[PDB]
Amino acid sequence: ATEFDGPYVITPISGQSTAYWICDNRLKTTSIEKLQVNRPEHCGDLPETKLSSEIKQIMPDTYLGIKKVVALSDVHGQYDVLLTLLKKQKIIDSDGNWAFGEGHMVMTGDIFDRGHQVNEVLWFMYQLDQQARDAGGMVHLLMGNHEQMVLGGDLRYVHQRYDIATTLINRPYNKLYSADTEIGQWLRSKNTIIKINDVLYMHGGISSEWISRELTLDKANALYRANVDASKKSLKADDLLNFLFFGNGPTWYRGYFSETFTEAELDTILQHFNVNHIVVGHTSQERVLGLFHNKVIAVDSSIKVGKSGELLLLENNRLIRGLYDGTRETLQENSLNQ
């Protein structure tokens, strides 16, 4: 079985973009006209996208007064599962397009790796970003540890199938998502940690080291954008970058899932950010669930396994689990845990 994969789009600072397509284990290269990334013939059902003049703008990391939010994470290249979940939960319409109005979606990282439909997910999320903006809503795609790994050249977890693209396009996988690329430029605009209303969102979690380093959302998000292309040596040698990018930092920390982590300790973090909840991915669960009297909501629902997933809905002072079958279960209402 040969592959179909792409497109990989190069976007220079002036002038037309170029798209690279893997079609039946051969490369096709097209010149993009009028921002429309159109697939050549004989190329499967690979995604077609209109390039955006707006969604690569860097957006705020803090938001007030947002009526409805949905959160999910760790798709890990499972496009079919993502699409089914969003369809069943009525986040998208019958054409596959944003249907969430002025709502906000927070996807807390880890589109890349393990799965076989990475570019399908990426281009879908790019289109959804634009569509949400056009509706007056937003998609917040946050950087996870696998975004950071891929962009930085840690390729341990890339599906073997992508060796076709790296051979045919003749560059390593990190350079298929470099700053010269449309997707790479889009990703390099993204935040890592955000606050919406009384909720903090990030991929892994916030450890007490954040507090001792006197970090802020803006300072961290800016350093993440500026240094995702730093060498490992440089990241490791800078004390602060080392914190941010590695095991105890926002995109790797798993302390909220440790059997010794205490709710008291969580309370000090909640207080530090003046939030009531922290929503995290990274550490895979069987379902969207709450921990510590629903002060932490885990939204890695194991989409990576390729069978099902779930989301979290925050609306009307409720926390709601949205199941893969389209049903809903309340986790918390007003402040009362269910």
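Throughout, we count residues from 1 along the sequence that is shown.
K.L.:
Select between 259 to 267 and 193 to 201 the stretch whose C-alpha atoms have the higher average B-factor in the entry.
P.N.:
Higher mean C-alpha B-factor: 259 to 267.
K.L.:
With reference to the PDB entry, specify whether the mean Cα temperature factor is higher for 145 to 153 or for 89 to 97.
P.N.:
The stretch with the larger mean CA B-factor is 89 to 97.
K.L.:
Quick one: which of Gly109, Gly247, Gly137, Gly184 has the biggest Cα B-factor according to the entry?
P.N.:
Among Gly109, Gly247, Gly137, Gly184, the highest C-alpha B-factor in the entry belongs to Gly247.
K.L.:
Based on what the PDB entry reports, which of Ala237, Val75, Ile206, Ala222 has the top C-alpha B-factor?
P.N.:
Top of the list by C-alpha B-factor: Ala237.
K.L.:
Would you mind ranking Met59 by its C-alpha B-factor against the rest of the chain and naming the third, lowest, middle or highest?
P.N.:
Ranked within chain, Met59 CA B lands in the lowest tercile.
K.L.:
Is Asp229 in the lowest, middle or highest third of its chain when residues are ranked by C-alpha B-factor?
P.N.:
Top third by C-alpha B-factor.
K.L.:
Taking only the Cα B-factors deposited for this chain, tell me whether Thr216 sits in the lowest, middle or highest third.
P.N.:
Its C-alpha B-factor belongs to the middle third of this chain's values.
K.L.:
Mind checking which third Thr29 falls in for C-alpha B-factor across the chain?
P.N.:
It belongs to the lowest third of the chain when residues are ordered by C-alpha B-factor.
K.L.:
Looking at the temperature factor on the CA atom of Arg171, which third of the chain's modelled residues does it land in?
P.N.:
Highest third of the chain for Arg171's C-alpha B-factor.
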